[PDB]
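Colleague: Could you work out the structure for the sequence below:
(2 chains)
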Amino acid sequence: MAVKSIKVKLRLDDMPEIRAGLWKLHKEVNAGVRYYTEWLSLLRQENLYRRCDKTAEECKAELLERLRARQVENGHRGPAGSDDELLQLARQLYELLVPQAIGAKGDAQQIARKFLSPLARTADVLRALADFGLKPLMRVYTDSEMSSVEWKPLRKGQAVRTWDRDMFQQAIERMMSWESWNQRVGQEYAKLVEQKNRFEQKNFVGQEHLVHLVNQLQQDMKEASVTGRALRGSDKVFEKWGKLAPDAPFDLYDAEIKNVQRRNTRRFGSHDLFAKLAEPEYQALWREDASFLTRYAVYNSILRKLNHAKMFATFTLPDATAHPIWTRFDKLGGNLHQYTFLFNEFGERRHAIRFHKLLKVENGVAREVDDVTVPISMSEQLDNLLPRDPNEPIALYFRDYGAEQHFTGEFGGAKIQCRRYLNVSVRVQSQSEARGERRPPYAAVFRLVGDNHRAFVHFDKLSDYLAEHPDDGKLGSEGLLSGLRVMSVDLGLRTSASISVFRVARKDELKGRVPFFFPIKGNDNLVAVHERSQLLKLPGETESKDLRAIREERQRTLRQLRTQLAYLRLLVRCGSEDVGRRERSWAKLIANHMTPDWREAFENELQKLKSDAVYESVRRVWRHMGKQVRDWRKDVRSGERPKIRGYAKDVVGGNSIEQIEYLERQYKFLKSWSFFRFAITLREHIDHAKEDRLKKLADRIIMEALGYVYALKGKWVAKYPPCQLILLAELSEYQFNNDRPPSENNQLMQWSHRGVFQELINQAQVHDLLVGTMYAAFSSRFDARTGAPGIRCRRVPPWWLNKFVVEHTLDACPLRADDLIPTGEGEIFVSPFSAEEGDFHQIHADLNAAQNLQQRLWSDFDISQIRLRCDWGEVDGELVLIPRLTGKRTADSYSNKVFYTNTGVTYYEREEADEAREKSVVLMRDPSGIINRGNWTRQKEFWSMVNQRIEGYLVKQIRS
RNA sequence: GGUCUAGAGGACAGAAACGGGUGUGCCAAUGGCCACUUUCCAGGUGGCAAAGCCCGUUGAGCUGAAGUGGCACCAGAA
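Modeller: Numbers count the residues shown, from 1 in each chain, chains lettered A, B, ... in the order given. Now the structure:
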C-alpha cells in the first residue's frame, strides 16, 4: 500500500459565507486541540521544555488548581484525596493515554475513541479517578463556552460530537509523536556523549595537561578575536620548526610558514594558529607529541557534532497561527466527519468536494451546515485520477507513466491547510498488492536489511525463480514477472546517474560479439549478463563550447564580488591593534579577477594608508561594493535573460548541481556580505529547486528501471524489460582515501544521496520496485571487470592541467590531444590489466563504479576482502598486527589470523562506523594479483604503488 | 570522422486584440512601486495596484504546410 497526498486548491470567490466559516472552523479545532494537548502536558507533569525552562515541573501546581477546582464543580464532598492520588493518577493516566511515554506501543484509534466519552489496569485508573468526583474531567470544546459558534445540537443518545473526537484524537497523536521525539533525541545525545567519553579515555591518558593547554589556546583565539581544516600542513611546519630554537627571533618561525605554502596553496590556512602555536606557552602541544593537535582535531569534531544536538525536545502548543494544526476529515465511510470527492460536477475537468459537516458565517454568527459542495481548481495531478465505482465514491484508478494498467486505489483522509488548500491522500495499490500478494514474487530472492535497505541475495532460491519465471521479453510494467534484472545506480556530480542493467541467464547466448557478464556466487549454470548501461543526465549536465561561455560570464561577476570581500576583510584587520590583524595582514597585500572599477579605488586607499585611520578606508571601499553589489543584485533579481521555450536541449544550468551551487553561493555571499529571517524569497527558491531535483531524479531512475524512455515529440515509450532491484550505493559519514573530495567534500552530495534515497522508497512503492543499497566504499577506485585498482584520469582538448605540469615539470614537452592525464576527479577510469607497463584498461569512471556495485551484489562482497584495519600487538613475541572485528562477516575470516611483516610496507598473515586514527596502520590488497602480487600492502604504500604504475607510464611517454 | 569498452539513447574532445485557466514548484524562472526600518548597501516590514502568466480561437511572419512550453511532484512537522 502506497499513499500519495495530492494537495489541491479550492475556489471560494462566489461564496464568502463558506470561506469565513472555514477559517473559523480552523480556529475551532486548533483551540480545541490546544485545550486537549495542554492537559496532556500537565498530566505528563515533567520538565516540558521550550525555546529555556518555562513551565518546568510547575505543572504539578497548575494541574492541582485545575484538578481541585473540578471537585467543587461537580458536587463532590466525600473522599477528597491527598496530593499523592492527584499526582499518582495524573502520571498514571498520562502513561495510559499515550503509551509512548514509557516505551510501550499503542495506536491512536482505539485509544481516543476509548477514553474520550468516559472522560467527557485501564479500568482501574478510569474508576479510581471517577471516585474522586472527577467524573467530568473534560467538557467538550464544542458544547462548552469556549467555542463561540453554535454547532449542531448534540442528539439525544450520542455522547460527544465527532468534532471533539477529531480534536481529542489529534491531540493524542501529537503527544505520541512528542514522547517518541523526546526519547529519540535523548538517545542520540547519549550515544554522542559515549562517543566523546570513550574517545577521551583512549587518546588523552598520559596527556592530561596537553588537553588543558589546548583549551588555553582555543580560549586565546576567541578572546583576542582547532579543527583539522585549520591544521593543513602541520607536519611540514613541525618538521622545519624542529630545526629551529625556542629563543630564536619570531621572524624565523614565520619564515618556515611562508615556505610550506609554495608547495601547495590549495591545502593550507589559518596563519594565526601557527603564529599562536609558535608562542613559548603553546610549545608543549607540538613538541612533547608530534601528533597531539591532529589527534585533538578529531576530538573537536566530536564536540562539534555534540554541540549541534540537544538532550531534550522543544515543546510548542498548537497555536491557530504560529503552529497550526489542520482540521482533519475521513474517507466516505469512516466514523467522523467524512468528505465525498465529486468527479466532474462543474465541467469536464472541473471537480468538486462536498463536506458533510462544515461551518458558515454571515455577519457574526457561525452555524453548522450540511452537504457543502465546493469546486476545485484544476490540477495536472487530478488528471491522473479517474473514478472506479459510482456506487463507491472512494474507489478510483490512478494513472502513472510507468504503467499501462491503471492502479486500483481508494481515497484517504483530508485536511484543510493554509500557507504561512485541501490535502487529499490517495492510497494507491501496487500491482502485487492487487493480486493478493503482500510482498512481490521477487522479494524472496533478495533480503533488504536494516534502515538503509542493505541488499543481500538468497542464491538458493535464485535457480528456482528463473525456472518459474523465464524471460518472455515483455516490455514496460507488464514484464515484472519476466526474468530477473538488477539496476545498479551510482549518483555522481557530472552525470546525474550512471546505471547498468544486468540480467540473469543460463548457459550463454549471442551481431557477433559476446556480452559482458559477472559470476554469481553459488550457481555455476546461471551468470549475471550485462544487458545495458547508460548515463542518466538531468537537464543541465551537457557541456558544449557555447554553454561554457554562458556559464563563465554568469559566474565571473560573482567571482569578482566574492573575492573582493576577502580583500575588504583583510583591510578591516589593518584597523586594529593586534599584530596578527595589523602587522601580518599589512605585509601580505603589499591575476585579474577583480572588477576594474573597484580595483582602482582599492589601490588608491591602500597607497594613501602606506604613507581608526583604516576605519575610514574600510568604510569608504565598503560603500563602493554597495554600488556594485546592488547593480548586480537587481541584475539577478529582475534582469531579463533568454529563457527556455518548449523543450530545449543544451540548457545552461537546469537541474544540475551547478545550478544548485549557484543559488547557494549567492545565499552564502549575501549572508557573508550583510553580516560584515534572511533572504526568504531566495532561500525558499533554493529549497524548491533542490526539492525539484530530488523528485525529478528519483522518477528518472525509476522510469529507467521499468524500461521506459522519453523520446522525441515528447512521449514515454516502453523500450526495455523492467528491472526488479534498484541497487543504490551505501551511504556513510566517513571517507578514507576513496572519492576525490569534490563529490564528497561538497556537503551537498550527502544531501543529494540522502534525498534520492528517501524519494526512491516513496515513488517505487507503487511500481513494486525493490530499492536496495550496496556498500560503495572504494567502488570507483577498483575495476569491475579485472578487479585491479587505478587512478582517475581524463582526456585533453584548465584547473587540472596547470597543476599537472607543476607536479611533473612538463612545460617543455608538447602533447597531442586525447592523452591520458590523472586529475584526481578523472572523467574516465583507468586500470592495469597485466604486469606489462603501458597496457591499461580504460572505462567510464562513473559507469565502472555502477558495474562494481553489481559485482558486489552477485559475489556477497565485504570490505574485509579489500580493506582491513589492524592493531599493533605482541602475539608470540614478535610485534605483529592484530585485525579489528568490525562487522560479523569481517570477523569470520580474520579471527585467529595475525599479520606480520619484515619491511613495514608489505604484510603477510600467519595463524559502529567509528574510526580512531594513527594508533595503528591500515593495509589493503589487490584481487588481481597485479599490485604487490596481490599481497597486503600498507594504505599509503599501496595507492602510491598504483599511482606509480599508471601515472608513471603515461608521463614517461610524454617527456620521451 | 578521432579516441575509449559496456556494444548501448554508447562515452568523453570535436566540427554547420478576443475567449478560458492561474494545485505546488522547477526549466537562464530570486517580481515592481512607495512608505518605514537613524542616513546611502545587504536584510527586513507594511501598504498599494495593475496585471504579468500559461491555454484555446485565426490573418499575421517564411524560420503551401509545419512550429513558436517543456518537466516533475508524498505530504507534513519542530
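
Colleague: Strands along the stretch 751-900 of chain A, start to end?
Modeller: In the stretch 751-900 of chain A, the strands defined using DSSP state E, counting those that start in this stretch lie at A:770-774, A:792-794, A:821-822, A:828-832, A:840-844, A:868-872, A:881-883, A:898-901.

Colleague: Need the CA coordinates for the first one. CSV is fine.
Modeller: The C-alpha atoms that make up strand A:770-774 are tabulated as CSV, following Å, rounded to 0.1, in the frame of the first residue of the first chain:
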residue,chain,number,x,y,z
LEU,A,770,12.7,-3.2,-4.6
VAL,A,771,15.0,-0.3,-3.5
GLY,A,772,18.3,-1.6,-2.1
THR,A,773,21.8,-0.4,-1.4
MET,A,774,25.2,-1.9,-1.7
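
Colleague: Make sure residue A:209 is indeed in a helix.
Modeller: Yes. Looking at residue A:209 with DSSP: H, G, I helix; E, B strand; the rest coil, it is inside a helix.

Colleague: list the contacts for it?
Modeller: residue A:284 (Cβ atoms under 8 Å, 6 or more residues apart in numbering). Every residue, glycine included, has its C-beta placed from N, CA and C.

Colleague: Kindly report the same for residue A:398.
Modeller: A:4, A:384, A:385, A:406, A:407, A:408, A:409, A:426, A:428, A:766.

Colleague: Cross-check the contact I'm expecting between the second one and residue A:401.
Modeller: No. Counting by Cβ atoms under 8 Å, no contact exists between residue A:384 and residue A:401, whose distance comes to 9.2 Å.

Colleague: So between those two, which is more surrounded?
Modeller: residue A:384 (19 against 16; other Cβ atoms under 10 Å).

Colleague: Leaving out the residues flanking it, which one is nearest to the more buried one?
Modeller: Closest residue in space to residue A:384, ignoring its immediate chain neighbours: residue A:399 at 3.8 Å, by Cβ to Cβ, 6 or more residues apart in numbering.

Colleague: Spell out the secondary structure type for the one you found.
Modeller: strand.

Colleague: close enough to count as contact, it and residue A:381?
Modeller: No. Counting by Cβ under 8 Å, residue A:399 does not reach residue A:381; the two are 10.0 Å apart.

Colleague: Not counting its own residues, what contacts stretch A:821-841?
Modeller: Against stretch A:821-841 from outside (Cβ under 8 Å, 6+ apart): A:493-494, A:740-743, A:780, A:782-783, A:785-786, A:788-796, A:800-801, A:804, A:820, A:842-845, A:848-849, A:930-931, A:947, A:949-954, A:957.

Colleague: Buried members of those into ChimeraX, please.
Modeller: Buried residues among the contacts of stretch A:821-841 (16 or more other Cβ atoms under 10 Å), as a ChimeraX selection:
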select /A:493,494,743,780,782,783,785,786,788,789,790,791,792,793,794,804,820,843,844,845,848,849,930,931,949,950,951,953,954
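
Colleague: Which ones among the contacts of stretch A:821-841 lie within helices?
Modeller: If you go by DSSP state H, these have A:742-743, A:801, A:804, A:845, A:848-849, A:947, A:949-954, A:957 in helices.

Colleague: Farthest-apart pair in those residues, please.
Modeller: Within the ones in helices among the contacts of stretch A:821-841, A:743 and A:957 form the most distant pair, 28.7 Å apart (Cβ to Cβ).

Colleague: Pull the number of nearby residues for residue A:473.
Modeller: Quick note: residue A:473 (other Cβ under 10 Å) scores 10 neighbours.

Colleague: Residue A:132 too?
Modeller: 20.

Colleague: wait, it sits on residue A:79?
Modeller: Yes. Look at residue A:132 against residue A:79 with Cβ under 8 Å: they come within range, at 6.5 Å.

Colleague: if you look at the contacts of residue A:398, which of them are in helices?
Modeller: Per DSSP H, the contacts of residue A:398 never map to helices.

Colleague: quick one, what contacts residue A:815?
Modeller: Residues near residue A:815 by Cβ under 8 Å, 6+ apart: A:796, A:958.

Colleague: The stretch 501-650 of chain A: strands as residue ranges?
Modeller: A:517-518, A:526-536.

Colleague: looking at these, which is closest to residue A:377?
Modeller: strand A:526-536 (33.7 Å).
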